[PDB]
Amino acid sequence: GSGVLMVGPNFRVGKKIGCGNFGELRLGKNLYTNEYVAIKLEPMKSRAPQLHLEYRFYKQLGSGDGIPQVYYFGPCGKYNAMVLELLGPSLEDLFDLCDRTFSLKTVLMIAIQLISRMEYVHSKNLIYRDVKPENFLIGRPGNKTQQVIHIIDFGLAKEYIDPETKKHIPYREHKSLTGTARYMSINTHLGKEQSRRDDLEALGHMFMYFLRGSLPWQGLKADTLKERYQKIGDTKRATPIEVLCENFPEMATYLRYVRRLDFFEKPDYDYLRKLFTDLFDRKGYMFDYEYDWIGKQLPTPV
């Protein structure tokens, strides 16, 4: 007939965008509003569905600062599709653009926002569990949120507060390893149930990754994912914070604070933000959103 894919009543499905995916993320256009959007697709034939409740997690999250807006979730051919706000490049894309190292001022502007970003998620009774540069996106050139660091892909999320009992989820071990090894907390490596602290420790590893240019467990390979996971975990446990965070005292303080958090414990986000804003102010930095990537030329799918 038409040969054109539509999602819902007004969303035209466009070209495949981004790297990886394999057709899972497409540019889209709201024909009614003449606006571009991002469309996440998941084959209805999927063995491990995530789209629909990722959608639910977004519902649960609600309209929020740094949270992409979701417009639609519906069937599209042999695909379930979720239409949401089109954003810009990820911190990983920007990192490469900046030769794989961010200035402390850029990392602190990022860190201050993400601690708040994570606290927001946590305030909605959700733990993220998928921290990595690729899941943090700036907005787009003009849609006035380009300097806001956004958080995306809540497929690995989990409700850490039982909705009925209103109790924190129970501690337990033997959780299989799946997330990304490079940033995951040490306890995640130990097979322990993840909680608030783990999102915060993962952010710490990522902050040091940005500052150093790389992490010391980064090149570890093995004959089985499990083994690789185990080696990376061994090295994380074998690298002293003072060594990992050499030259960044605040980062070491942030890291061992979160590493020592109790499983059920509510992090003191104010305390962590202050470690960084005090530093920020002492260095003489001005929070003006002028990241290292400002002035460089960014990739735009449109």
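Start at 1 with the first residue shown and count on from there.
A.B. asks: Please work out which of 139-147 and 99-107 has the higher mean CA B-factor as recorded in the PDB entry.
C.D. replies: Higher of the two, by average CA B-factor, is 139-147.
A.B. asks: Which is higher on mean Cα B factor in this entry, 205-213 or 169-177?
C.D. replies: Per the PDB entry, the higher value belongs to 169-177.
A.B. asks: Tell me which of 224, 123, 187, 195 tops the list for C-alpha B factor in the record.
C.D. replies: Reading the PDB entry, the winner on C-alpha B-factor is 224.
A.B. asks: When the deposited Cα B-factors of this chain's modelled residues are ordered and cut into thirds, is residue 152 in the lowest, the middle or the highest one?
C.D. replies: Residue 152: CA B-factor falls in the lowest third of its chain.
A.B. asks: Please place residue 76 in the lowest, middle or highest third of its chain according to the CA B-factor in the PDB entry.
C.D. replies: Highest third of the chain for residue 76's C-alpha B-factor.
A.B. asks: Would you mind checking where the Cα B-factor of residue 273 ranks among the modelled residues of its chain, as the lowest, middle or highest third?
C.D. replies: Tercile = lowest for this residue's CA B-factor.
A.B. asks: Lowest, middle or highest third: where is residue 261 by Cα B-factor in its chain?
C.D. replies: Ranked within chain, residue 261 CA B lands in the middle tercile.
A.B. asks: Based on the deposited C-alpha B factors for this chain, I'd like to know if residue 49 is in the lowest, middle or highest third.
C.D. replies: It falls in the top third of the chain.
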